[PDB]
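Quick heads-up: it's one chain on its own, the form deposited in one PDB entry, in structure tokens.
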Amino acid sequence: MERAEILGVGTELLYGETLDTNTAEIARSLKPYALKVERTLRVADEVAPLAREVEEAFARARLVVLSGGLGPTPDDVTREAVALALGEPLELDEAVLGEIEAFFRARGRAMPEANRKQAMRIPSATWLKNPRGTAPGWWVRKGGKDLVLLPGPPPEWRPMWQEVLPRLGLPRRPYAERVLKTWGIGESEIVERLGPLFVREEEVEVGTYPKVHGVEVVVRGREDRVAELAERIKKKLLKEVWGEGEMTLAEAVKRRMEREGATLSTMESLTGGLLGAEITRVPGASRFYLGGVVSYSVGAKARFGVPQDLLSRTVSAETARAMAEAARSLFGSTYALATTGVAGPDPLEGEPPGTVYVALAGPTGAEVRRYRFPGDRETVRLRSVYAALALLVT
């Protein structure tokens, strides 16, 4: 498989001052095509370094895509750079110059001379119309290779790109992907269970991406390889997969509650309201979620029904059970979740950061799970939230 290279031009994208979503979007849009994306670049607004990256990228790929640096500032050097890298000269197109003039004249303004550049092209570039902005793009065909320049702003470039893409004559390859979301299983366990199913090849591949919400397993490549390989992996992970694709844990909880016609409530400590936050992230949460308490202080725990004898060991399975049972009784809900633990940095009751109990109570009784999460304060609180949510959807 040949390569596609993708370059976002702009100094501020380096620093994350503007978030570079362009290169990623452009890469997703190449999924249906038999091309390999090994890398993406963000390059500063200087012509020499940029000309070198274009030149290197173009030497290795069948396709090169640039995004941004087509404005009228001294910081807009993309045209020059592509010009310098490909050995062709910049020529003024009088016609396009008129069109730029016309864009300004439709707003009562004369065209600044700054914008004169924006009408240059190289012999090998045909133009791509930008009815939505000043800078029109280029399509270079040369040596059996395509190079495309796009404006940075997404509303300007999405339509141009969607339009020139089908035209580039790139090699199609039916593509699929399956995203499997698990919980309660680590990366190395998944490795072991899958063994040889952990394929990393040109036709199909598998990878894992540990998240606060459990380990995600993505299979991606040729349609027919992904289908059968992914189903085999789902089989191996049957009990730990809680959802697929866009599915989220809060969403999963919501469908169980609708299915049962059941209600839920919460009693939270270390997480501090974050579990309720997460439950209510999903539109429609007021149909089942009665509410919850955040019992951050000992006094608050005693007030909301944690038994006095447990108040010296709030970080325990017994307390988590009591908390969830208490919430259930206090809210009259079919289910209740509870969280108790140590987020860190400080220990509590002689237990170290990441010590966490999550409990579910319901009609037929209660259950508790124990974790030792690594992470800082924010991380432990987050994993606790998904841990509590996992109790309901295993």
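Note that residue numbering begins at 1 and tracks the sequence as displayed.
Engineer: Hey, does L310 show up as a hole in at least a third of the other compared models?
Structural biologist: Result for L310: never missing in the compared entries.
Engineer: Do a third or more of the other compared entries leave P89 out of the model?
Structural biologist: Residue status for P89: no gap in any other entry.
Engineer: Highest mean C-alpha temperature factor of the two stretches 70-78 and 296-304, which is it?
Structural biologist: Averaging CA B-factors over each stretch, the winner is 70-78.
Engineer: Mind pulling up the entry and telling me whether 91-99 or 269-277 has the higher mean Cα temperature factor?
Structural biologist: Taking the mean C-alpha B-factor of 91-99 and of 269-277, the larger value falls to 91-99.
Engineer: In the PDB entry, which of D309, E251, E223, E318 has its C-alpha at the highest B-factor?
Structural biologist: Of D309, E251, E223, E318, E223 has the highest C-alpha B-factor.
Engineer: Between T126, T182, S286, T263, which one tops the list for C-alpha B-factor in the PDB entry?
Structural biologist: Of the options given, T126 has the highest CA B-factor in the PDB entry.
Engineer: Looking at the temperature factor on the CA atom of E17, which third of the chain's modelled residues does it land in?
Structural biologist: For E17, whose C-alpha B-factor we compare with every modelled residue in the chain, the answer is the highest third.
Engineer: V393's Cα B-factor: lowest, middle or highest third of the chain?
Structural biologist: Tercile = middle for this residue's CA B-factor.
Engineer: By the recorded C-alpha temperature factor, relative to the other modelled residues in its chain, which third is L238 in?
Structural biologist: It falls in the top third of the chain.
Engineer: Sorting by Cα B-factor within the chain, modelled residues only, which third would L149 end up in: lowest, middle or highest?
Structural biologist: Ranked within chain, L149 CA B lands in the middle tercile.
Engineer: Compared with the other modelled residues in the chain, in which third is the CA B-factor of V47?
Structural biologist: For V47, whose C-alpha B-factor we compare with every modelled residue in the chain, the answer is the highest third.
Only in words, not in the display: the form deposited in another entry, which the text now covers.
Engineer: Since part of the chain moves as a rigid unit against the rest between the shown form and the other one, which of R39, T134, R313, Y175 is at the hinge?
Structural biologist: For the motion between the shown form and the other one, the hinge residue: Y175.
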